[PDB]
Amino acid sequence: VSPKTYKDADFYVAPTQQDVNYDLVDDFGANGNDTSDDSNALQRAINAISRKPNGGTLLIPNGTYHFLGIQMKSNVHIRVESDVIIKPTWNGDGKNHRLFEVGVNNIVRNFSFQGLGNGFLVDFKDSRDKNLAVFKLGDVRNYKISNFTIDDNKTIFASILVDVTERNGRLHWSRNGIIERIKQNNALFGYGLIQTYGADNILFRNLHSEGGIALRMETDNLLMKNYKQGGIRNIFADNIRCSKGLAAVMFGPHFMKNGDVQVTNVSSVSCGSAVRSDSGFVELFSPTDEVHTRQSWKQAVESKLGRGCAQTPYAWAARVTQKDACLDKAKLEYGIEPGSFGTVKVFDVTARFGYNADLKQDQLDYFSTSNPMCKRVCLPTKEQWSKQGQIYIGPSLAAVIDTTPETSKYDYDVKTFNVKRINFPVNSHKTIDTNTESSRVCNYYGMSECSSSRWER
Ligand SMILES: O=S(=O)(O)O[C@@H]1[C@H](O[C@H]2O[C@@H]3CO[C@@H]([C@H]3O[C@@H]3O[C@H](CO)[C@H](OS(=O)(=O)O)[C@H](O[C@H]4O[C@@H]5CO[C@@H]([C@H]5O)[C@H]4OS(=O)(=O)O)[C@H]3O)[C@H]2OS(=O)(=O)O)[C@@H](O)[C@H](O)O[C@@H]1CO
Ligand SMILES: O=S(=O)(O)O[C@@H]1[C@H](O[C@H]2O[C@@H]3CO[C@@H]([C@H]3O)[C@H]2OS(=O)(=O)O)[C@@H](O)[C@H](O)O[C@@H]1CO
Ligand SMILES: [Ca+2]
Ligand SMILES: [Ca+2]
Ligand SMILES: [Ca+2]
Ligand SMILES: [Ca+2]
Ligand SMILES: [Ca+2]
Ligand SMILES: [Cl-]
Ligand code: NA
Ligand code: NA
């Protein structure tokens with residue numbers, strides 16, 4: 001088999017005529033030489049441009065700017081000079097914040113945001129806000145986002161959210177677009193560069209994340225569970241990389257039925273694996289309105305599905321036991337089923353060994369073959385991450401990890417071609433699947449603690 005080819009125009013079509021060309025500083029008065037907010041100047045620039053029949057271009061010149069909660073509009077095309085630094089404006093209302101929103105509160109068509117030359121910088125290192133995302137997308141079609149570096153500080157949320165939004169009684173999401181040429185430094189393990197929820201015909205290219213996951217196709221937004229609309233279909237990706245993280249590319253459908261995906265040229269250095277695929281599953285969440293405990297939510301679930309039908313709940317989410325019998329009961333009561341992907345193919349995978357990968361607890365038993373004494377693995381301190389057990393740092397485990405339920409009726413497949421490993425120790429794993437043997441060789445909660453230097457990267 002060989003991969004299918006494509007051209008940029010299959011996804012995005014640039015404007016062939018425009019009405020205006022404005023400068024953020026010269027025409028709208030922003031100041032790139034101070035530490036003050038520039039959001040009003042950018043929002044007026046965007047609105048003035050969208051009011052012209054054929055839209056236009058806006059240049060953000062060299063300097064340092066502060067933005068938050070910007071609403072993008074139709075027919076607006078933003079270009080950013082190579083020495084620009086963009087930082088988030090402080091907002092202490094404790095809510096979830098984004099620098100830019102595209103189609104979340106309205107309809108957007110024909111839009112782009114691109115860095116010139118070798119790209120610019122989005123810097124979160126001086127921010128006190130932990131709940132930050134760079135872009136949140138909704139009802140937008142025919143768009144392009146490209147060329148910059150993100151200096152993260154282990155914030156919550158993935159940097160680019162390819163999400164859904166409600167309007168007129170149903171959900172809407174993005175279609176026809178390109179997201180490319182972005183590097184992220186110091187990401188928190190549970191997040192990373194991209195997270196996809198709802199999407200049709202999108203191309204992801206030249207993306208790299210240090211920590212977490214670069215292209216995380218984990219479709220679990222609760223709105224999609226209620227309306228039963230969303231998911232991703234007809235997705236293409238090329239040159240996706242990971243360093244000191246979980247994986248470069250990951251598939252995790254949760255409860256959603258998704259479509260087809262094609263990926264070429266995946267690489268990693270000191271990551272758990274280059275490619276990762278999780279089984280679909282049904283998880284029941286406890287109401288915030290009601291007070292519960294670990295064992296209290298588990299009991300509440302088994303009292304409806306049956307005994308042995310609920311896995312131990314975690315910070316509360318209870319995952320239904322992987323047994324056709326229980327799964328058939330959960331559908332009748334909650335009307336939910338395990339999700340999946342349609343056709344998925346990944347070509348040319350290269351994994352380079354290292355001692356500083358992000359690792360999950362349920363993966364540590366795979367060191368039994370090559371690292372029987374669990375050397376070089378550490379547990380982050382409570383100060384570093386308060387929920388001990390959710391993250392470990394240690395040697396890379398394999399080139400590919402696949403835990404889809406092969407012998408089950410709810411299985412889905414992710415096929416890999418031309419997989420290679422570099423500098424791995426004797427007896428390590430190439431592909432880990434549900435039949436791979438393992439044994440406990442690590443001290444889960446009593447092992448050595450990670451030094452500050454090792455966690456901070
Ligand atoms: O109270 S304790 O002392 O902590 O009790 C201990 C055990 O609790 C722990 O159990 C595991 C290890 O650390 C915490 C919990 O981790 C979470 O386990 C999930 C199991 O399904 C899942 O692991 S996974 O399956 O490998 O993915 C969680 O990760 C996922 O979470 C979301 C779903 O997919 C991803 C997320 O979107 C994935 O994470 S990732 O994207 O980074 O890959 C994992 O975090 C801990 O419980 S806690 O609620 O987190 O505090 C307990 O089970 C045991 O019985 O006792 C010990 C102490 O004796
Ligand atoms: O998409 S987000 O709103 O950014 O994240 C949500 C969820 O946060 C929201 O939850 C309710 C509805 O609007 C706000 C809150 O009242 C919003 O958070 S707020 O910005 O602090 O007000 C977040 O808690 C969860 O983790 O993710 C979902 C994903 O949509
Ligand atoms: Ca300013
Ligand atoms: Ca200039
Ligand atoms: Ca530059
Ligand atoms: Ca499978
Ligand atoms: Ca199969
Ligand atoms: Cl996220
Ligand atoms: Na930097
Ligand atoms: Na973030």
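When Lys and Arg each count +1 and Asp and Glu each count -1, what net charge do the other residues less than 10 Å away from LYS345, Cβ to Cβ, add up to?
Value of the local net charge: 0.
Taking a ≥ b ≥ c as the square roots of the Cα gyration tensor eigenvalues, with a/c under 1.5 meaning rounded and otherwise prolate when a/b beats b/c, else oblate, which class fits the stretch 232-294?
Oblate is the answer for the stretch 232-294, as a/c is 1.5 or above yet b/c matches or exceeds a/b.
Using modelled backbone amide H atoms (1.01 Å from N, in-plane), which distant-in-sequence or interchain residues come within less than 5 Å of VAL269's amide H?
Under 5 Å from the amide H of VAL269 lie the amide H atoms of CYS242, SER243, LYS244, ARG352, each far enough along the sequence or on another chain.
Using only the alpha carbon atoms of the chain, find the Kirkwood hydrodynamic radius as the inverse mean reciprocal pair distance, in angstroms to one decimal.
Hydrodynamic radius (Kirkwood, Cα pairs) of the chain is 23.3 Å.
About the Cα centre of the chain, how large is the charge dipole given +1 on each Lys and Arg Cβ and -1 on each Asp and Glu Cβ? Please answer in debye to the nearest 20.
Roughly 720 debye, rounded to the nearest 20.
Which of the listed residues, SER50, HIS429, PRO287, is farthest toward the dipole's positive end in the chain, when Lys, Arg count +1 and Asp, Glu count -1 at the beta-carbon?
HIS429
Count the net charge of all other residues whose Cβ sits under 12 Å from the Cβ of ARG216, scoring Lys and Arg as +1 and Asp and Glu as -1.
-2
Determine the gain in length on full extension of the stretch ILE156-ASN168; use 0.36 nm per residue of separation and subtract their C-alpha separation, reporting nm with one decimal.
So the chain would gain 1.3 nm between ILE156 and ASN168.
Give the calculated FRET efficiency between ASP324 and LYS4 to the nearest 0.05, with a Förster radius of 35 Å applied to their Cβ-Cβ distance.
Using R0 = 35 Å, I get an efficiency of 0.50.
First select every other residue whose beta carbon is under 14 angstrom from the beta carbon of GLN361; then total the charges, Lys and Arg +1, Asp and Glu -1.
For residues surrounding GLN361, the net value is 0.
Go through 409-418, 340-349 and give me the packing order, highest mean Cβ count within 10 Å leading.
Highest-to-lowest ranking by the protection proxy: 340-349, 409-418.
By how many nm would the segment from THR403 to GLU456 lengthen if fully extended, with 0.36 nm per residue of separation less the alpha-carbon distance?
Value of the extension gain: 16.1 nm.
Could you calculate the FRET efficiency of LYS125 with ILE422 from 1/(1 + (r/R0)^6), where r is the beta carbon distance between them and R0 is 51 Å, rounded to 0.05?
Efficiency at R0 = 51 Å is approximately 0.95.
Under the Karplus relation 6.51 cos²θ - 1.76 cosθ + 1.60, θ = phi - 60°, what is the ordered set of whole-Hz ³J(HN,Hα) values for the stretch 134-146, x standing for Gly and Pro?
Computed from phi, the couplings for the stretch 134-146 are 7, 10, 10, 9, x, 8, 9, 10, 6, 9, 8, 10, 7 Hz.
For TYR191, which sequence-distant residues (separation of 5 or more, or a different chain) have an amide H within less than 5 Å of its own amide H, given hydrogens modelled in the peptide plane?
The answer is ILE213.
Assign one of three labels to the stretch 168-220, namely rounded, prolate or oblate, based on the Cα gyration tensor with a ≥ b ≥ c the square roots of its eigenvalues; rounded applies when a/c is under 1.5, prolate when it is not and a/b is larger than b/c, and oblate otherwise.
oblate
Over 20 Å between Cα atoms, which of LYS4/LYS257; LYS154/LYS257; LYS125/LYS154; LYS228/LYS331; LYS95/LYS228 qualify?
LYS4/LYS257; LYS154/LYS257; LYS95/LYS228
Can you tell me how the stretch 19-78 classifies by the Cα gyration tensor, rounded, prolate or oblate, using a/c under 1.5 as the rounded cut?
Prolate, since a/c reaches 1.5 and a/b exceeds b/c.
Cβ coordinates were reconstructed from backbone atoms using ideal geometry, including for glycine residues, and neighbour counts include every protein chain displayed. Throughout, read-outs are computed from the coordinates displayed, never taken from laboratory work.
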